[PDB]
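Asker: Sharing a structure here in structure tokens format.
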Amino acid sequence: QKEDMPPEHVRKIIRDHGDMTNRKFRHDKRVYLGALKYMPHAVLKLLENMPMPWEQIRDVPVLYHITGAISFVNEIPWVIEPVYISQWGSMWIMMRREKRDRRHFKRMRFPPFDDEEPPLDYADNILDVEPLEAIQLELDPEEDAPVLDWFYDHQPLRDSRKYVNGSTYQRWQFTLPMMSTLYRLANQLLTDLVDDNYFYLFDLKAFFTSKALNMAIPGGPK
Amino acid sequence: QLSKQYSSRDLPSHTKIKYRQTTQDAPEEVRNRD
Amino acid sequence: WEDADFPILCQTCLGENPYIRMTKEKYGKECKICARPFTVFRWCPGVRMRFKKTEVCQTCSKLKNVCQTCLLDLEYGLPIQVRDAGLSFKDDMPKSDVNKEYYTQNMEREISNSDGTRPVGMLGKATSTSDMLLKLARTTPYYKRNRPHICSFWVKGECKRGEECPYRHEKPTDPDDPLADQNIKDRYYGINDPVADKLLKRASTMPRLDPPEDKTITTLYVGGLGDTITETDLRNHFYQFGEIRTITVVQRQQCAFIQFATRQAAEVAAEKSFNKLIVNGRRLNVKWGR
Amino acid sequence: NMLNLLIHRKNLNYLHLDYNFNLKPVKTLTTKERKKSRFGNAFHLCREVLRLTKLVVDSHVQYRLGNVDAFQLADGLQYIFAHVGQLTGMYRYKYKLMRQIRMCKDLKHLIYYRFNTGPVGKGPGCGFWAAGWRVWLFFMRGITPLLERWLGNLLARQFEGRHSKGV
Amino acid sequence: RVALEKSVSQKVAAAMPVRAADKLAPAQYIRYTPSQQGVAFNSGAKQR
Amino acid sequence: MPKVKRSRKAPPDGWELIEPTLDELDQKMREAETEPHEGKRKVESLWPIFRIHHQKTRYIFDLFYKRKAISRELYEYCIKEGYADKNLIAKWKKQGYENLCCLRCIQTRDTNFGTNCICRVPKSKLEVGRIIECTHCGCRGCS
Amino acid sequence: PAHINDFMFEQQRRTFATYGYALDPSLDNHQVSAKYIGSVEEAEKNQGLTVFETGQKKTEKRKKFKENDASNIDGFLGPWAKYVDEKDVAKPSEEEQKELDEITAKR
Amino acid sequence: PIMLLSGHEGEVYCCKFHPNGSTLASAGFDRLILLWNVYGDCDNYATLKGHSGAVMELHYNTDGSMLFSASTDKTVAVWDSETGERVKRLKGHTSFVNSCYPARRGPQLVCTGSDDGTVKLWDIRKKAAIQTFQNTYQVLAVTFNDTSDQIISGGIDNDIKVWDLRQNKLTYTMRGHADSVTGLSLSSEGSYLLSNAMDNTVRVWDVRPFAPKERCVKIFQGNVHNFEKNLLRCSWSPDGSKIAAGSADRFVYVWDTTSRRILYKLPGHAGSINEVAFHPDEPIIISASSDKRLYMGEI
RNA sequence: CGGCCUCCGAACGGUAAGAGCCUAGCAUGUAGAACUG
Ligand SMILES: O=P(O)(O)O[C@H]1[C@@H](OP(=O)(O)O)[C@@H](OP(=O)(O)O)[C@@H](OP(=O)(O)O)[C@@H](OP(=O)(O)O)[C@H]1OP(=O)(O)O
Ligand SMILES: [Zn+2]
Ligand SMILES: [Zn+2]
Ligand SMILES: [Zn+2]
């Protein structure tokens, strides 16, 4: 099969070419150009796998052109639903308690760089530096035992065929201890409703009838 | 010499032909009629 | 653009091994003749010998009936200027940009009505391949063609890749030689090919039978007969080529002498026979006798 | 690199695209250059989408270079996504964006006016950027076929030529 | 109908231009009978 | 300054004796990486990278398999931290592929006719001894 | 459009390449015999062995090195190990070098 | 008509008719067996599955009910044409099984030639080997004798061999083949055996209570070999009248026993013909060729 | 027991058209290459 490579391979090609001015390359000129038609794919791919603020470094499969012209992050970011909700709920509590207990929050400046301050080299500048503690929240070892080690992992139970269908990361099965702890943790971003007799005249079908009759519910759309 | 230019209007659309059914007026009933 | 079955090139350009390997790319590049996209088939010429590629539109080829890689004619294999002149051929192919594009377009239209067997036009009504062309024609595959260039590194010293110099690391030719810079387009147009002028000088200095002075010298001495010949065989060499008046088969000197009944018939037989009238294998010399 | 190759292949030496993806002329341009150097919604929509992603990447670069913070990074990302209107200037090339921009204001209002339910203050310390992230990602789902078609046609017309023959 | 539809679908795939390309078909094996015959070229074989 | 370690879990306990070898190989990979793009060539400037990679993963291949001087769990940590090459190794384990230079040297799709590099044909079948330079690695008859 | 198999064509090509003679392939309606074409007497004296089929050759294998320890910091030529009877720098004759400088002047 | 058949992933190696001539069997590299209707429009219904290597020989029974098939993957296999599903996996064969031959109208048994160096007898019922004659080399062709008391074999020594099923030693060896033995076929006389060989010369013998002890009777010219060395297979007519052969020239060879003339050298093909099947009732021929198709000629 | 809260901006249409002129670029990277009694 087609097999992976050392990262330094591509890194070398790309820092080699730089900005295609050197008369050495001189043909990847036109191939580079022709690669423009897909630049909106590269961007959607890159931006839909961004690192989700509790992690400091996320690594992703990357497909790329043998002259460095383009680089598609070749990955679809699956997450487990209650996992995800619980993590973002942790984020919610952390952000609120923090901005409450912080003396003055500073707003960073955009653009973060200057206009002719060229983009920095990853390896030569950012490869080795220390990645700066993230937005981890501290879960209680008795209260939150059934998760305590695997919570903030990029893909938490990626490798345990007791929990995940495989290395494709689908079809999860979970324990009720796990579930009740998670529920308690994502308690903040959640609805304290038990049934649907709340949404009596406030559901999709009521809205469809309204829309059709040009009438408007007090608190509904028009 | 077939170009790669293209058009918003030549995108695929209406890709099935509605055939004239039995009740509307098929060429069969036209075969019959007086 | 065009679409092909396989290339058209001589044996020299074509190869030696029984199994040839060539890769195809549809609409690969531009025939410097038809100016438009063509198909490109790339053939592995020989062991460590430069991979060649198809270098002209197949219609640009069927036009003049030459080699789409080797560039020389496919019947004889001499410069196209030569081969044309050896048929006395005079093609009116247009040259200017708009004129040439119009010509190419109607040419492809007219060639579309062909069956893919033989070049179009005067290429058949000039098919009297003259012994001049036959004699200027090369005999064996001059397979020096698939040797690489002069590895400019290896000409200055630099070719530090070991033996893998991409080019023959020999002494570069002094471009003062007229056999050096022949622009491919000119070589195709039959436009001042110095190699073709060399073939003209060679086929001009190459031996042919000489004419005598007075018309009444109608005796023709054929030198180098041998005693396997008959008078009727000398006749059947020079008999329906006109009429013969007499023949003296000199066995004390191994020659012959045809007194003719038509001077132009004598000329036909003898001049066509110069050193090449090979009946039963003996090199006779056709001249006009004393 | 792609966009610069496009300019300089079109032989527009008097324009230069800088590193935040602003296009800036280095001379005063005559008419013939003012005209030859005009660009359309394809070129400019890529330019501005690239500018959005570059702002995102570079907030992340600031964080990993170590200047800022996890909290400052999250709040900055929240900013970027809510205020795409006044950072990029994409609306001028696809004014159907204001669908999205109104959606991100409505989210901002919801999130903030539930976020400061208690002592929490109404100031910068709020980065909860799931929502606007979703929004602009769906926008991208939609825009990629459109931009692929427009840019294929731009490039085709650039390399073959425009067919004024059989219009 | 047949010949029509084939030429249709080629001209239609022209309006694909993003060809979701199919891969390269099986390799061609062709027997070539040169018109040039002679013991010296092709090193003495009458076909390639 | 090293390949900064992600797992946050402590490396198992044979790491300390491959330690300086791994560190040095990383340092000279860095140096041969920034080694700038001379009048050298463009096809040939991507050989040293595979040289250093194959170098390192061969080192670990010995130190787990041919010596058994290392623990399974250590060597697992040292692949998952990107020093070794799990696929290169799972092929190296084959019968004819002990010295396969670069895992691209057997990619059948990487070549127009559907073969491998002549870098893979054993030299006895060649009999011509002409120096063989597989463009990708530059390598010299890995097999 | 003849149809053939390939593995035998590849064996034939390996032979025709490295031994220099080939099983003549002409499929004439005149029933020829299996004949060695190319370096005829070479195939005859070699008993026809193809570059793939094992057979004994006392041909000197070109002089090679062998450093197979990947523990060496600057060591492993490994799969890339140079042949030891090869030169260091492929420098072409001083003569052609001076003549090449002169010609670069001449143009 | 012409009636060229297709649908095969690769070259067609083995083809024969129903011993009725009702449905048709063809197969080759593709590791499955295609079956057809011979008549009508030459329709293609069913495909047997399973055989791991190229199915090196299909062999009917003589009534037309059971199907034996020797595949290169170390195994012979029995199948029910009624179904298409395997009745036995005759394993134990240590290497490439080329040939299989089920005894006609005798008790249930097969003699199998292979790439091991043995000739093997096996029973359909026991999953057990009955005998094995190791001469020394791989066995390429096997045909019984019409008493089912001798086994005929063609291998790599050009020396056509026959074993006594009861005395178990080399009963008949006859020689005169210029090179390796590639195809054996017992005529409907029960007596004459037909043998092809790449050496351009094909031979007939007669295995009787008495034959002249040098029984090379009739010889035919034209068969070709090339650098391919593909398998070569031949047959008699159902009437023992026309000699049917294929070869690597793309010419199907049709001779007669009587005047041994060339009755036909038929072109049409693109691939080397790897098997010719004569129809048990009709003047119908199916030419299985390496051009990944078939022909059905009417003569 | 009452709840009802549109919008939002960019381009073309204005600051001539030209032939010459001259020189970077930008493209090419090829094809071929000699003869006798
Ligand atoms: O135009 P916008 O991009 O959306 O942002 C601003 C601002 O936002 P930031 O805090 O994000 O810089 C405040 O919004 P809130 O923070 O209050 O939600 C503000 O609100 P006030 O000035 O009323 O404090 C204002 O609102 P408006 O422009 O209607 O006066 C408006 O936010 P919105 O535009 O989202 O309203
Ligand atoms: Zn290689
Ligand atoms: Zn390699
Ligand atoms: Zn190698």
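Chain lettering (A, B, ...) mirrors the order of the structure tokens, residue numbering begins at 1 for each chain separately, and ligand numbering begins at 1 in order of display.
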Tell me, which residues of chain B carry DSSP helix (DSSP H, G or I), written as JSON, numbers by chain?
Answerer: {"B": [22, 23, 24, 25, 27, 28, 29, 30, 31, 32]}
Asker: Export, as a JSON list (two decimals), in the first residue's frame, the selected residues with N, CA, C and O atoms.
Answerer:
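Output (selection.json):
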```
[["chain", "number", "residue", "atom", "x", "y", "z"],
["B", 22, "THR", "N", -49.51, 6.55, -18.75],
["B", 22, "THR", "CA", -50.59, 5.79, -19.35],
["B", 22, "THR", "C", -51.86, 6.62, -19.45],
["B", 22, "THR", "O", -52.56, 6.59, -20.46],
["B", 23, "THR", "N", -52.16, 7.37, -18.40],
["B", 23, "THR", "CA", -53.40, 8.11, -18.35],
["B", 23, "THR", "C", -53.34, 9.43, -19.10],
["B", 23, "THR", "O", -54.37, 9.89, -19.59],
["B", 24, "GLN", "N", -52.16, 10.05, -19.19],
["B", 24, "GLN", "CA", -52.10, 11.36, -19.82],
["B", 24, "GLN", "C", -52.43, 11.28, -21.30],
["B", 24, "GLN", "O", -53.57, 11.55, -21.70],
["B", 25, "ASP", "N", -51.48, 10.86, -22.13],
["B", 25, "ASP", "CA", -51.84, 10.35, -23.44],
["B", 25, "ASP", "C", -50.72, 9.58, -24.10],
["B", 25, "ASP", "O", -50.07, 10.13, -24.99],
["B", 27, "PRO", "N", -48.40, 7.22, -26.52],
["B", 27, "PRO", "CA", -48.48, 6.88, -27.95],
["B", 27, "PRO", "C", -49.28, 5.62, -28.21],
["B", 27, "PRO", "O", -49.77, 5.44, -29.33],
["B", 28, "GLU", "N", -49.47, 4.77, -27.21],
["B", 28, "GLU", "CA", -50.35, 3.63, -27.37],
["B", 28, "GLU", "C", -51.80, 4.05, -27.57],
["B", 28, "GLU", "O", -52.44, 3.66, -28.55],
["B", 29, "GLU", "N", -52.35, 4.81, -26.64],
["B", 29, "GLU", "CA", -53.73, 5.26, -26.80],
["B", 29, "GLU", "C", -53.88, 6.07, -28.08],
["B", 29, "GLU", "O", -54.94, 6.05, -28.71],
["B", 30, "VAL", "N", -52.84, 6.80, -28.48],
["B", 30, "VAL", "CA", -52.93, 7.47, -29.77],
["B", 30, "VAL", "C", -52.94, 6.45, -30.91],
["B", 30, "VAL", "O", -53.54, 6.68, -31.96],
["B", 31, "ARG", "N", -52.28, 5.29, -30.71],
["B", 31, "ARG", "CA", -52.37, 4.21, -31.69],
["B", 31, "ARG", "C", -53.81, 3.75, -31.86],
["B", 31, "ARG", "O", -54.25, 3.43, -32.97],
["B", 32, "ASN", "N", -54.55, 3.69, -30.75],
["B", 32, "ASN", "CA", -55.93, 3.22, -30.76],
["B", 32, "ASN", "C", -56.89, 4.24, -31.34],
["B", 32, "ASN", "O", -57.61, 3.93, -32.30]]
```
Asker: Contacts between ligand 3 and chain G, please, where a residue of chain G counts if it comes within 12 Å (with only C-alpha atoms and all ligand atoms); show its shortest atom pair and distance in Å to one decimal, rows by chain and ascending number, as JSON lines.
Answerer:
```
{"residue": "G:78", "atom": "CA", "partner": "ligand 3", "partner_atom_place_in_ligand_line": "1 (Zn)", "distance": 11.9}
{"residue": "G:79", "atom": "CA", "partner": "ligand 3", "partner_atom_place_in_ligand_line": "1 (Zn)", "distance": 8.9}
{"residue": "G:80", "atom": "CA", "partner": "ligand 3", "partner_atom_place_in_ligand_line": "1 (Zn)", "distance": 8.4}
```
Asker: Could you report the residues within 10 Å of ligand 4, using only C-alpha atoms (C1' of nucleotides) and all ligand atoms, as a list in words?
Answerer: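 Using only C-alpha atoms (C1' of nucleotides) and all ligand atoms, everything at most 10 Å from ligand 4 comes to residues 99, 100, 101, 102, 103, 104, 105, 106, 117, 118, 119, 120, 121, 132, 133, 134, 135, 136, 137, 138, 139, 140, 141, 142 and 143 of chain F; 78, 79, 80 and 81 of chain G.
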Asker: Those selected residues, please, written with C-alpha atoms and delivered as a CSV table (one decimal), in the first residue's frame.
Answerer:
```csv
chain,number,residue,atom,x,y,z
F,99,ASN,CA,17.7,-3.9,4.0
F,100,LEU,CA,14.9,-2.1,2.2
F,101,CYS,CA,16.2,1.4,2.1
F,102,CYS,CA,13.2,3.7,1.9
F,103,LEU,CA,9.7,2.4,2.3
F,104,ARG,CA,8.9,4.2,-0.9
F,105,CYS,CA,11.3,2.0,-2.8
F,106,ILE,CA,8.6,-0.7,-3.1
F,117,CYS,CA,13.0,0.6,-8.2
F,118,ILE,CA,16.0,-1.2,-9.7
F,119,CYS,CA,17.2,-0.4,-6.1
F,120,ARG,CA,15.3,-3.6,-5.3
F,121,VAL,CA,16.5,-6.0,-8.0
F,132,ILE,CA,22.6,2.1,-9.6
F,133,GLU,CA,21.1,5.3,-8.2
F,134,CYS,CA,17.5,5.0,-7.1
F,135,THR,CA,16.4,8.6,-7.4
F,136,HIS,CA,14.3,8.7,-4.3
F,137,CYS,CA,16.9,7.6,-1.7
F,138,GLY,CA,20.0,7.7,-3.9
F,139,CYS,CA,20.5,4.2,-2.3
F,140,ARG,CA,22.8,1.6,-3.8
F,141,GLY,CA,21.1,-1.8,-4.1
F,142,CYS,CA,19.3,-2.1,-0.9
F,143,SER,CA,18.6,-5.6,-2.0
G,78,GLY,CA,23.5,0.2,5.1
G,79,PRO,CA,21.3,-0.4,2.0
G,80,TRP,CA,23.0,2.5,0.3
G,81,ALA,CA,26.5,1.2,0.8
```
Asker: Quick one: residues within 12 Å of residue 18 in chain E, only C-alpha atoms (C1' of nucleotides) counted, chain neighbours fewer than 2 positions away excluded, as an mmCIF file with N, CA, C and O atoms, in the first residue's frame?
Answerer:
```
data_model
loop_
_atom_site.group_PDB
_atom_site.id
_atom_site.type_symbol
_atom_site.label_atom_id
_atom_site.label_comp_id
_atom_site.auth_asym_id
_atom_site.auth_seq_id
_atom_site.Cartn_x
_atom_site.Cartn_y
_atom_site.Cartn_z
ATOM 1 N N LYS A 37 -7.067 25.837 -7.725
ATOM 2 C CA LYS A 37 -8.453 25.421 -7.794
ATOM 3 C C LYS A 37 -8.891 24.649 -6.564
ATOM 4 O O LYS A 37 -10.091 24.556 -6.305
ATOM 5 N N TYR A 38 -7.958 24.139 -5.765
ATOM 6 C CA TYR A 38 -8.307 23.309 -4.620
ATOM 7 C C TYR A 38 -7.956 23.948 -3.290
ATOM 8 O O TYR A 38 -8.195 23.345 -2.244
ATOM 9 N N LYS B 4 -11.572 23.845 -20.975
ATOM 10 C CA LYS B 4 -11.983 23.546 -19.612
ATOM 11 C C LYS B 4 -12.897 24.605 -19.021
ATOM 12 O O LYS B 4 -13.398 24.407 -17.912
ATOM 13 N N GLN B 5 -13.123 25.720 -19.713
ATOM 14 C CA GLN B 5 -14.132 26.660 -19.259
ATOM 15 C C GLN B 5 -15.500 26.009 -19.286
ATOM 16 O O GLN B 5 -15.683 24.901 -19.776
ATOM 17 N N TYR B 6 -16.471 26.722 -18.759
ATOM 18 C CA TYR B 6 -17.543 26.090 -18.031
ATOM 19 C C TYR B 6 -18.623 27.136 -17.778
ATOM 20 O O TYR B 6 -18.490 28.297 -18.165
ATOM 21 N N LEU B 11 -24.357 23.289 -15.453
ATOM 22 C CA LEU B 11 -24.384 22.316 -14.384
ATOM 23 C C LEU B 11 -25.504 21.314 -14.630
ATOM 24 O O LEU B 11 -26.538 21.659 -15.204
ATOM 25 N N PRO D 145 -17.450 24.315 -3.510
ATOM 26 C CA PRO D 145 -17.731 24.035 -4.923
ATOM 27 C C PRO D 145 -17.809 25.289 -5.765
ATOM 28 O O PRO D 145 -17.322 25.309 -6.902
ATOM 29 N N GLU D 148 -14.304 26.523 -6.338
ATOM 30 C CA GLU D 148 -13.637 25.623 -7.264
ATOM 31 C C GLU D 148 -14.057 25.906 -8.697
ATOM 32 O O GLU D 148 -13.214 25.955 -9.596
ATOM 33 N N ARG D 149 -15.348 26.122 -8.928
ATOM 34 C CA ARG D 149 -15.800 26.397 -10.287
ATOM 35 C C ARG D 149 -15.253 27.725 -10.792
ATOM 36 O O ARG D 149 -14.701 27.804 -11.898
ATOM 37 N N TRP D 150 -15.359 28.775 -9.978
ATOM 38 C CA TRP D 150 -14.895 30.081 -10.423
ATOM 39 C C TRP D 150 -13.394 30.081 -10.661
ATOM 40 O O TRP D 150 -12.911 30.689 -11.616
ATOM 41 N N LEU D 151 -12.636 29.384 -9.821
ATOM 42 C CA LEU D 151 -11.189 29.423 -9.941
ATOM 43 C C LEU D 151 -10.702 28.511 -11.045
ATOM 44 O O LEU D 151 -9.735 28.843 -11.729
ATOM 45 N N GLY D 152 -11.358 27.378 -11.253
ATOM 46 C CA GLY D 152 -11.085 26.611 -12.443
ATOM 47 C C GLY D 152 -11.274 27.435 -13.696
ATOM 48 O O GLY D 152 -10.472 27.356 -14.620
ATOM 49 N N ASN D 153 -12.322 28.259 -13.733
ATOM 50 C CA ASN D 153 -12.577 29.047 -14.932
ATOM 51 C C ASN D 153 -11.577 30.176 -15.073
ATOM 52 O O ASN D 153 -11.145 30.503 -16.179
ATOM 53 N N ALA D 156 -8.319 28.305 -16.260
ATOM 54 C CA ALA D 156 -8.523 27.951 -17.648
ATOM 55 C C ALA D 156 -8.400 29.150 -18.563
ATOM 56 O O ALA D 156 -7.574 29.129 -19.475
ATOM 57 N N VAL E 12 -20.840 15.657 -22.716
ATOM 58 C CA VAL E 12 -21.384 16.016 -21.413
ATOM 59 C C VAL E 12 -20.287 16.002 -20.363
ATOM 60 O O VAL E 12 -20.130 16.960 -19.598
ATOM 61 N N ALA E 13 -19.508 14.917 -20.310
ATOM 62 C CA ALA E 13 -18.352 14.884 -19.428
ATOM 63 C C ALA E 13 -17.401 16.031 -19.728
ATOM 64 O O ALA E 13 -16.596 16.410 -18.873
ATOM 65 N N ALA E 14 -17.465 16.592 -20.934
ATOM 66 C CA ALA E 14 -16.755 17.849 -21.143
ATOM 67 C C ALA E 14 -17.226 18.929 -20.170
ATOM 68 O O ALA E 14 -16.417 19.749 -19.720
ATOM 69 N N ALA E 15 -18.511 18.940 -19.810
ATOM 70 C CA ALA E 15 -19.047 19.926 -18.878
ATOM 71 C C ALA E 15 -18.993 19.442 -17.436
ATOM 72 O O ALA E 15 -19.656 19.999 -16.557
ATOM 73 N N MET E 16 -18.246 18.391 -17.189
ATOM 74 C CA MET E 16 -17.799 17.957 -15.876
ATOM 75 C C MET E 16 -16.678 18.812 -15.290
ATOM 76 O O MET E 16 -16.455 18.749 -14.075
ATOM 77 N N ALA E 20 -13.761 13.489 -12.040
ATOM 78 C CA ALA E 20 -13.438 12.545 -10.984
ATOM 79 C C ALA E 20 -12.786 11.370 -11.689
ATOM 80 O O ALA E 20 -13.440 10.368 -11.990
ATOM 81 N N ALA E 21 -11.493 11.513 -11.955
ATOM 82 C CA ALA E 21 -10.817 10.697 -12.949
ATOM 83 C C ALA E 21 -10.914 9.222 -12.607
ATOM 84 O O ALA E 21 -10.753 8.824 -11.449
ATOM 85 N N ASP E 22 -11.207 8.413 -13.619
ATOM 86 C CA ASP E 22 -10.982 6.990 -13.487
ATOM 87 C C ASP E 22 -9.511 6.705 -13.734
ATOM 88 O O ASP E 22 -8.797 7.493 -14.361
#
```
Asker: Can you list, as a ChimeraX atom specification, every protein, DNA or RNA residue that comes within 12 Å of residue 130 in chain H when you count only C-alpha atoms (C1' of nucleotides), leaving out same-chain residues fewer than 6 positions away?
Answerer: /H:90,92,108-112,119-124,165-166,168
Asker: What residues in chain H lie within 12 Å of chain E, counting only C-alpha atoms, written as an NGL selection string?
Answerer: :H and (9-10 or 249-250 or 270-271 or 291)
Asker: If you run DSSP on the backbone, which residues of chain D are strand (DSSP E or B), as a list in words?
Answerer: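 Across chain D, those assigned strand (DSSP E or B) are residues 15, 16, 17, 23, 24 and 25 of chain D.
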Asker: Produce as a ChimeraX atom specification the set of residues near ligand 1, where near means within 9 Å with only C-alpha atoms (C1' of nucleotides) and all ligand atoms considered.
Answerer: /D:78-79,82-86,101-102,104-113,122-124
Asker: Tell me as a PDB file with N, CA, C and O atoms, in the first residue's frame which residues belonging to chain E come within 6 Å of chain G, counting only C-alpha atoms.
Answerer:
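The resulting selection.pdb:
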```pdb
ATOM      1  N   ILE E  30       0.636  -4.896 -28.110  1.00  0.00           N
ATOM      2  CA  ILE E  30       0.381  -4.794 -29.540  1.00  0.00           C
ATOM      3  C   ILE E  30       1.514  -5.455 -30.298  1.00  0.00           C
ATOM      4  O   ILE E  30       2.683  -5.320 -29.931  1.00  0.00           O
ATOM      5  N   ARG E  31       1.168  -6.163 -31.363  1.00  0.00           N
ATOM      6  CA  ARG E  31       2.156  -6.776 -32.242  1.00  0.00           C
ATOM      7  C   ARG E  31       2.362  -5.874 -33.454  1.00  0.00           C
ATOM      8  O   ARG E  31       1.412  -5.590 -34.189  1.00  0.00           O
ATOM      9  N   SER E  43      17.682  -6.387 -35.013  1.00  0.00           N
ATOM     10  CA  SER E  43      18.691  -7.440 -34.887  1.00  0.00           C
ATOM     11  C   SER E  43      18.211  -8.775 -35.459  1.00  0.00           C
ATOM     12  O   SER E  43      18.569  -9.848 -34.970  1.00  0.00           O
ATOM     13  N   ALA E  45      14.763  -9.865 -36.399  1.00  0.00           N
ATOM     14  CA  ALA E  45      13.439 -10.446 -36.196  1.00  0.00           C
ATOM     15  C   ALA E  45      12.397  -9.722 -37.041  1.00  0.00           C
ATOM     16  O   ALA E  45      12.496  -8.511 -37.263  1.00  0.00           O
ATOM     17  N   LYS E  46      11.396 -10.464 -37.519  1.00  0.00           N
ATOM     18  CA  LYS E  46      10.407  -9.875 -38.418  1.00  0.00           C
ATOM     19  C   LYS E  46       9.206  -9.264 -37.699  1.00  0.00           C
ATOM     20  O   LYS E  46       8.245  -8.869 -38.366  1.00  0.00           O
ATOM     21  N   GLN E  47       9.216  -9.194 -36.371  1.00  0.00           N
ATOM     22  CA  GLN E  47       8.114  -8.592 -35.637  1.00  0.00           C
ATOM     23  C   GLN E  47       8.597  -8.102 -34.285  1.00  0.00           C
ATOM     24  O   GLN E  47       9.565  -8.621 -33.727  1.00  0.00           O
TER      25      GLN E  47
END
```
Asker: Pull out every residue of chain F sitting within 12 Å of chain E, counting only C-alpha atoms, and send them as a list in words.
Answerer: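 The contacting residues on chain F are residues 109, 112, 113 and 114 of chain F.
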Asker: Could you write out that same residue set with N, CA and C atoms as a PDB file, in the first residue's frame?
Answerer:
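What follows is the written file selection.pdb:
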```pdb
ATOM      1  N   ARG F 109       2.734   1.865  -6.949  1.00  0.00           N
ATOM      2  CA  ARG F 109       1.976   2.932  -7.589  1.00  0.00           C
ATOM      3  C   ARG F 109       2.854   4.134  -7.900  1.00  0.00           C
ATOM      4  N   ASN F 112       5.461   4.437 -13.142  1.00  0.00           N
ATOM      5  CA  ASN F 112       4.528   4.410 -14.260  1.00  0.00           C
ATOM      6  C   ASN F 112       4.219   2.999 -14.732  1.00  0.00           C
ATOM      7  N   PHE F 113       5.213   2.118 -14.810  1.00  0.00           N
ATOM      8  CA  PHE F 113       4.959   0.788 -15.342  1.00  0.00           C
ATOM      9  C   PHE F 113       4.466  -0.203 -14.305  1.00  0.00           C
ATOM     10  N   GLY F 114       4.470   0.152 -13.026  1.00  0.00           N
ATOM     11  CA  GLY F 114       3.962  -0.753 -12.017  1.00  0.00           C
ATOM     12  C   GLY F 114       5.008  -1.744 -11.565  1.00  0.00           C
TER      13      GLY F 114
END
```
